[PDB]
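One chain is shown next in structure tokens, namely the form deposited in one PDB entry.
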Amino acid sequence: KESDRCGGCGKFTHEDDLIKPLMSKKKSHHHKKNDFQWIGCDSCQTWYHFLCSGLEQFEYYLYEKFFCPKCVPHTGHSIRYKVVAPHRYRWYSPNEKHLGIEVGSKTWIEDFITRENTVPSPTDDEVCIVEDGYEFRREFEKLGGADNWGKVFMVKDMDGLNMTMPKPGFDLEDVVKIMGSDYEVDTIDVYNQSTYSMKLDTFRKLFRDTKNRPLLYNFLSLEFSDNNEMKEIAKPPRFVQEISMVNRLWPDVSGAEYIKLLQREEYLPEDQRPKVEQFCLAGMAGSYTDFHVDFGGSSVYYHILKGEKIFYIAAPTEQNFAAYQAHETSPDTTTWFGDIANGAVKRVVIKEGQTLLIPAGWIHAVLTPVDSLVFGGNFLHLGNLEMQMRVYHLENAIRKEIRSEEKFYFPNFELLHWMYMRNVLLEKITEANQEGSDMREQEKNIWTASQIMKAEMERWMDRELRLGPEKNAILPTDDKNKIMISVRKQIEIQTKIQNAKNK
């Protein structure tokens, strides 16, 4: 406040500062609108921006009495707000002490832990529990394989999944050693249901302090597909790499084969690649993550390297979506979706070493009973194309009813389908025509996937005519049309081929 200057950047209050897109799960870059919002040292009375105060994003709102770096030595560490309303996200404000218990809050979680064990077990149709990756491959295949993947699998022993994972004993320490101590990761302030920045070192610091945890901290994503060391340490199961649409257009390879497979443009621009297939996840015991459907209706692999998780899940039926949509778009904050989900929500525990494989659309919330380290990834695949498009409808509807903009959605979702259609699907059809082949013979799966995907894209084209292109852009209305035109052309030819067999 006032004319006075900043002890950090020496600037007097100017300022009004408007001085590539996100391809990975990030939500902390939003309240950078506070980085230049002035806090004052209760001691030397010097004013600091915030950024300039030595504070990290996550501690901006924590302190009632602030002591800047130059004062800490003799003043002590800054004094935090008193915990006045443990049952509210704004735990610091007394004006909210009388309001209802909010789903994310400390009070709510503690109580929830006493009653959570009464959430029903899933039916054998919802989840399948196998001993190792060999049994998974056998049962997965016995239900139609990836093209027909509908239930979640829990694999107890990772042997056979062909899934590259660090050896037990691997922990947070190794993570910070590899990524660096100054690597900033999006962290969820569980009790405040909000996401902030935090040095990876700071997190480790807080994580290791076991007896004193005023707040709980889990990190959002931490996607490591671009860290040359990490990216080889934990990988998706082979079967996931073999069906991942992103992996099909931006193939992993990145070795000697990379030089060659891009020597034919079989590798799209790296900045266009969705960055969501390899994430590391650490969480404190007592943590809770509220019900969500994974972005783009992406499938998930989820390996527990350390600790235990309890997942609360609900099958992706239309009613369950409708119910979920209402819950997401409602202002109510005190009701647990499970309690109003007409009995759909089930309970499943995942222990250390165990793995979770989740198909498209499953609604799920997560309880973290024990300090945890997890490795996982999100992927799209043709076997779940319909469900993926259904979730995308759901998301797009939810996005119109409440102004999220902080909510993360699948990066380049549409671009990816244009590319996939043009590079992969169109060629199969084009070629199958060049030989007068009836795709139903040996490629029914591919034929059906093309019609479904095309219909969805036809809807995107028309939307783009009536309303104009999207902000997300990246592919030019013209190119989009040329693609569509060519696709219609080939699908017609293949249709006539199929119809000729009529007599």
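All residue numbers refer to positions in the sequence shown, first residue = 1. Note that the rigid core is defined as the largest set of C-alphas that superpose within 1.5 Å between two forms.
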Is it true that at least a third of the other compared entries have no coordinates for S437? no
Among the other entries of this protein that model both neighbours of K20, is it absent from at least a third? yes
Check the residues of the deposited sequence separating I19 from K20 and report how many of them have no coordinates, as none, 1 to 3, 4 to 9, or 10 or more. 10 or more
As the entry reports it, the stretch among 341 to 349 and 79 to 87 with higher mean C-alpha B factor is 79 to 87
Looking only at C-alpha temperature factors in the entry, 321 to 329 or 255 to 263, the higher average sits in 255 to 263
Looking at the C-alpha B-factor values in the deposited entry, which of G361, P274, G169, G286 comes out highest? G169
Per the entry's values, where does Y196 land by CA temperature factor relative to the rest of its chain, in the lowest, middle or highest third? highest
When the modelled residues of the chain are sorted by Cα temperature factor, does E456 land in the lowest, middle or highest third? lowest
Compare the C-alpha B factor of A432 with those of the other modelled residues in its chain, then answer lowest, middle or highest third. highest
Sorting the chain's modelled residues by C-alpha B-factor and splitting them into thirds places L62 in the middle
Considering only modelled residues of the same chain, in which third does the CA B-factor of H74 rank: lowest, middle or highest? highest
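Another form exists, solved in complex with a partner chain; not displayed. Remarks below refer to it.
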What is the one choice in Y81, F170, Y258, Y134 with a heavy atom within 4.5 Å of its partner chain in the entry with it bound? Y81
Go through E470, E64, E458, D438 and name the one with a heavy atom inside 4.5 Å of its partner chain in the entry with it bound. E64
Given that its partner chain is not shown alongside this chain, does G40 nevertheless sit within 4.5 Å of it in the entry with it bound, heavy atom to heavy atom? yes
Although its partner chain is absent from this view, report whether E464 comes within 4.5 Å of it in the entry with it bound, heavy atoms only. no
Heavy atom to heavy atom, is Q45 within 4.5 Å of its partner chain in the entry with it bound? yes
So in the entry with it bound, does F50 come within 4.5 Å of its partner chain, heavy atom to heavy atom? yes
Can you spot, among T118, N212, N342, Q263, the one with a CA shift of 2 Å or more between the shown form and the other one after core superposition? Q263
After a core superposition, would you say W447 shifts its C-alpha by at least 2 Å between the shown form and the other one? no
Tell me, please, whether between the shown form and the other one the C-alpha of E406 is shifted by 2 Å or more, with the rigid core used for superposition. yes
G100: after superposing the rigid core, is there a C-alpha shift of 2 Å or more between the shown form and the other one? no
By 3 Å or more, the Cα spacing of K407 and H364 differs in the entry with it bound; is it closer or farther than in this view? farther
If the C-alpha spacing of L415 and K407 moves by 3 Å or more in the entry with it bound, is that a move closer or farther apart? closer
